[PDB]
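Everything on this sheet refers to the single structure shown next.
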Amino acid sequence: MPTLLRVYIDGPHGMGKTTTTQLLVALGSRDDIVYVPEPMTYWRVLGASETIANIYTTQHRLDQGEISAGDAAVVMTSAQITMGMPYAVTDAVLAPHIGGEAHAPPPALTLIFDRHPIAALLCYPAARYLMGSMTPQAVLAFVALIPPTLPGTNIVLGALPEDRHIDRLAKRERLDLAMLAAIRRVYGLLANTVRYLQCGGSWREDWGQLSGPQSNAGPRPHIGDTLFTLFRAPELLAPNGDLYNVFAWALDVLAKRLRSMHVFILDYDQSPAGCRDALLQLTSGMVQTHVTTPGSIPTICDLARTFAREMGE
Amino acid sequence: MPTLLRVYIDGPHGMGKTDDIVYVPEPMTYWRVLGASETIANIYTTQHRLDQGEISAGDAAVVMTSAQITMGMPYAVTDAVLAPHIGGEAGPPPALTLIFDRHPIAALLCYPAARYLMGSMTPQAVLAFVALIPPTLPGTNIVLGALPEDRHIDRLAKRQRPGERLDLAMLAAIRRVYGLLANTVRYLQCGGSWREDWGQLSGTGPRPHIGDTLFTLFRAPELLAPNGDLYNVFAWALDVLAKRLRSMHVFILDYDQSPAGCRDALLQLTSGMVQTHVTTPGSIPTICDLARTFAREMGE
Ligand SMILES: C[C@H](O)Cn1cnc2c(N)ncnc21
Ligand SMILES: C[C@H](O)Cn1cnc2c(N)ncnc21
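Those protein sequence lines, which keep their order, are chains B and A.
Residue numbers for the first sequence, in the entry's author numbering: 46 to 147, 151 to 220, 225 to 264, 274 to 374.
Residue numbers for the second sequence, in the entry's author numbering: 46 to 63, 76 to 148, 153 to 265, 279 to 374.
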C-alpha cells in the first residue's frame with residue numbers, strides 16, 4: 046500500500062509559481078518528487094505555432110476595433126482547446142493509477161504540476177469571457193469537458209497584491229492589465245466557489261439571490286462571490302428568465318468537478334525562498350491517495366519524467 | 046436496483062438515422090440558436106471558402122475547431138450528468158432503454174478527424190478533442206451504419222440540414238473515418254497494440283492491419299519530431315484513444331432498406347447489447363427527466 050501526493054500549482058500567471066515549485070523540487074530527493082512543468086515546447090511549437098502570441102494580439106486588435114467579437118472568439122476558443130491539451134492528456138493517463146484517499153506516513157512519490165486542467169478548461173476561458181473575446185456558451189462547453197476530478201486533487205492557488213502583481217508582471225504576451233484584472237478575479241471566484249460547495253452551497257437553491274478569498278477556511282460565501290455569478294449572461298437565459306437546461310446542466314458539472322477539490326492558498330508576496338518554505342508547510346495538510354497497482358509508482362514516475370523531458374523550458 | 050440499456054445511434058450522417078424507452082434527439086436548436094448562430098452553415102461555408110481559395114488553411118482551422126466545440130457541447134454535458142448514474146454490467154428486459162442520437166465520439170473524434178482529412182483542422186486539434194473523450198462506461202453500445210456510397214449520396218441529398226452544403230469530399234472523409242473507427246475497435250478488441258505495430262505504417279489475434287485503423291491518421295507530420303518519432307504527448311493521446319475505443323460495443327445497422335426494416339433491424343441488434351445497473355433508486359426517473367427535457371429544449 047504505497048501512497049502518492051499530487052499538488053497542482055495554479056492561479057494567475059506572473060506571481061512566481063514556476064520558480065517556487067522548482068525551488069521546492071530542488072529540496073527533494075531526485076527520485077521522490079517529480080515536476081510536470083509548463084509544456085512550453087508543446088506550446089510554441091508542437092501543438093501549433095506560437096500559441097501565446099496569437100492570443101495576446103487578437104485581444105489587442107479586438108480592443109482597438111480591428112476585428113469583431115465573433116472573430117476574436119473563434120481565435121480565443123480554438124487557442125484554448127489547443128492550449129489545454131497537455132493537461133488533459135496527463136490527467137487521462139494518470140487516472141487509472143489513482144486509488145482512494147489517505151496524518152499519514154511520507155508519500156512514496158510526490159508529483160507537482162505546473163497547472164491543473166481547470167486553468168485551460170475553466171479559468172482562462174472565463175477570463176476571456178470577461179474581456180469580451182469568448183462567449184459564455186463556449187466557456188460552458190469547456191466546463192462540460194472538464195475531466196472527472198480524481199481523489200486527492202490538491203490545488204494551490206496564489207495570493208498577491210495587484211500593485212505588487214502589476215510590478216512583478218512588468219518584466220518584458226503583452227502588457228494587458230484588463231486581462232490581469234480579469235484572471236485575478238476569476239481565480240478569486242474559483243477559491244470562493246470551492247468554499248461555497250464544501251459548505252453545502254447548492255447553486256440551484258441560491259440562483260435567485262443573484263442580481264447587480275479563502276478556499277479552505279471561513280464561512281460560506283454568497284453565490285454572488287462565486288463563479289456561478291458569471292453565467293447570468295442574457296445569452297444563456299431563456300424567454301422565461303431562467304437558464305436553458307443545457308447551461309444549467311453544465312453548472313451542475315462545474316459544481317461536481319469542484320466540490321471534491323482540496324484548495325490551498327499560498328502567499329507569493331515574499332522572496333522566492335520564502336514562497337518555497339511556505340509551500341512546503343502547506344503540503345503537510347494536503348491529501349494523499351493510494352495507487353491502484355504496486356508498479357504505479359515507477360510507472361507514474363516515468364510518465365512524469367518523460368513529460369518534463371519532452372515539454373519544459 | 047434497476048437495469049438500463051443505453052444505445053447510441055451514430056455513424057456518418059445522411060444514411061437514415063433521423076414509456077420504457079426514451080429518445081434523446083439531435084440538438085439542432087443548440088446548433089442553430091442556443092450555442093451559437095447557425096453552426097452548421099458556418100462549418101459548411103468555411104470549408105467552401107477554403108476550397109475556393111478565399112481563406113487560408115490556418116484561418117479555416119480556427120473556425121472549424123471553435124464550431125466543433127459548439128456542436129459537441131450537448132453530448133458532453135449529457136455524458137457528464139449521466140455518468141454518475143451508471144453502474145456495473147447487469148447483462153430480462155431493461156427498466157429503461159435510452160436511445161441517443163449520437164455519442165460524444167462523433168464530436169470529439171469522428172467529425173474532427175474528417176475535417177483534418179478535408180484540410181480544415183490540424184491533427185493537433187483533433188488529438189486535443191480525443192484527450193477530452195469521456196471515460197467509457199460499462200454498457201456503451203454504439204450503432205454504426207452500413208450503406209453503399211451512391212445510395213448514401215441519394216439519401217443525403219434528400220436530407221440536407223440547415224446550412225449544409227452537399228459535399229462529396231466530406232462524405233467520403235466521414236465515411237472513411239467511420240469505417241476506420243469500426244476497424245479500430247476490432248483491432249483493439251483482438252489485442253492490437255498500436256505502439257507495437259506503429260512501424261508497419263512507416264515502412265511495411280487476427281485483426282485489421284493498423285493501416286486500416288484510425289491510428290494511421292496520426293502519422294501526420296505535424297505530430298512527429300525531426301527523427302520521425304511521434305511526440306510523447308501525442309502518443310499519450312493515442313493511448314487514451316485505444317482505452318476509450320476498446321471497451322465500446324459496436325453494432326452495425328444495415329441502412330440499405332426501409333424505415334420499417336431499419337426500425338426492426340435496430341430492435342434486432344438490441345439482443346446482444348450490454349445492460350448496466352443504475353447506481354440509485356431514483357436514477358431511472360432522473361435519467362428519464364434529463365432525456366425528455368433535452369428533447370424538448372434542444373430537439374428540432
Ligand atoms: C502563460 C499563460 O497565461 C499560462 N496559461 C496556462 N494555461 C493557459 C490557458 N489555458 N489559456 C491561457 N493562458 C494559459
Ligand atoms: C449536422 C449533422 O448532425 C452532421 N454533424 C453531426 N455532428 C457534427 C459535428 N460534431 N461536426 C460537424 N458536423 C456534424
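Using N, Cα and C, we set each Cβ at its ideal position, and we do this for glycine too.
At a threshold of 7 Å, does residue i count as lining ligand 1 (C-beta to nearest heavy atom)?
| i | result |
| --- | --- |
| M128(B) | yes |
| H105(B) | no |
| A189(A) | no |
| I97(B) | yes |
| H164(B) | no |
| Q125(B) | yes |
For the alpha helix (DSSP H) containing residue i, name the first residue and the last one.
| i | result |
| --- | --- |
| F190(B) | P184 to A192 |
| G200(B) | Where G200(B) is concerned, there is no enclosing alpha helix (DSSP H), given that its DSSP letter is neither H nor E. |
| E371(A) | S357 to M372 |
| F308(A) | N306 to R320 |
| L241(A) | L229 to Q250 |
| residue 40(A) | There is simply no residue 40(A) to check, as chain A begins at 46 and stops at 374 in what is shown. |
| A174(B) | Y172 to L178 |
| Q342(B) | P333 to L343 |
| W255(B) | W255 to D258 |
| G224(A) | Premise fails: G224(A) is in no alpha helix (DSSP H) and is neither H nor E. |
| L288(B) | Unbroken run through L288(B): none, as it is neither H nor E. |
| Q275(B) | No alpha helix (DSSP H) contains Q275(B), which DSSP labels as neither H nor E. |
| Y132(A) | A114 to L139 |
| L297(A) | Counting along the chain, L297(A) falls outside any alpha helix (DSSP H), and DSSP gives it neither H nor E. |
| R212(B) | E210 to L217 |
| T63(A) | Taken as a continuous stretch (DSSP letters only), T63(A) belongs to no alpha helix (DSSP H), as it is neither H nor E. |
Can you determine whether any heavy atom of ligand 2 sits closer than 7 Å to the C-beta of residue i, and answer yes or no?
| i | result |
| --- | --- |
| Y172(A) | yes |
| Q109(A) | no |
| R222(A) | yes |
| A167(A) | yes |
| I100(A) | yes |
| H213(A) | no |
| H58(A) | yes |
| residue 22(A) | Outside the shown range of chain A (46 to 374) lies residue 22(A), about which nothing can therefore be said. |
| residue 1(B) | Any question about residue 1(B) goes unanswered here, given that chain B covers just 46 to 374. |
| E210(B) | no |
| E257(A) | no |
| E83(A) | yes |
Identify the continuous beta strand (DSSP E) that holds residue i and give its terminal residues.
| i | result |
| --- | --- |
| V352(B) | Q349 to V352 |
| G144(A) | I143 to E146 |
| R293(A) | Looking at the DSSP string, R293(A) is not in any beta strand (DSSP E), and its letter there is neither H nor E. |
| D162(A) | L157 to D162 |
| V81(A) | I78 to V81 |
| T96(A) | First-last for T96(A): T96 to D108, but that is the alpha helix (DSSP H), not the beta strand (DSSP E). |
| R51(A) | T48 to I54 |
Problem - contact_flag[the segment 328–347 of chain A, the segment 164–173 of chain B] where n(CB pairs < 8 Å) is 3 or more - result: no
Exercise for the section: Report yes or no: do the segment 204–216 of chain B and the segment 134–143 of chain B share at least 3 C-beta pairs separated by less than 8 Å? Expected result: no
Problem - Validate contact between the segment 214–226 of chain A and the segment 247–254 of chain A using beta carbons, cut 8 Å, 3 pairs - result: no
Exercise for the section: State whether the segment 307–315 of chain B contacts the segment 284–295 of chain B, with contact taken as three or more CB pairs (one from each stretch) at a distance under 8 Å. Expected result: yes
Exercise for the section: Please confirm if the segment 179–189 of chain A is in contact with the segment 91–100 of chain B, defined as three or more CB-CB distances below 8 Å between the two stretches. Expected result: yes
Practice task
Decide if the segment 296–304 of chain A is in contact with the segment 317–330 of chain A; the criterion is three or more beta carbon pairs, one per stretch, under 8 Å apart.
Solution key: no
Handout entry: Given 8 Å, three or more beta-carbon pairs between the segment 107–116 of chain A and the segment 253–264 of chain A
Key = no
Handout entry: Contact between the segment 348–361 of chain A and the segment 141–148 of chain A (3+ Cβ pairs under 8 Å)
Key = yes
Handout entry: Touching by the beta-carbon criterion (3+ pairs, under 8 Å), the segment 187–196 of chain A and the segment 314–322 of chain A
Key = yes
Practice task
Mind the definition here: the segment 46–53 of chain A touches the segment 76–92 of chain B only if three or more C-beta pairs lie below 8 Å; say whether that holds.
Solution key: no
Problem - Cβ contact check for the segment 66–81 of chain B and the segment 329–337 of chain B: 3 or more pairs under 8 Å - result: yes
Practice task
Could you tell me whether the segment 97–104 of chain A touches the segment 274–288 of chain B, using the rule of 3 or more Cβ pairs below 8 Å?
Solution key: no
Handout entry: Any 3 or more C-beta pairs closer than 8 Å across the segment 151–160 of chain B and the segment 113–127 of chain B
Key = no
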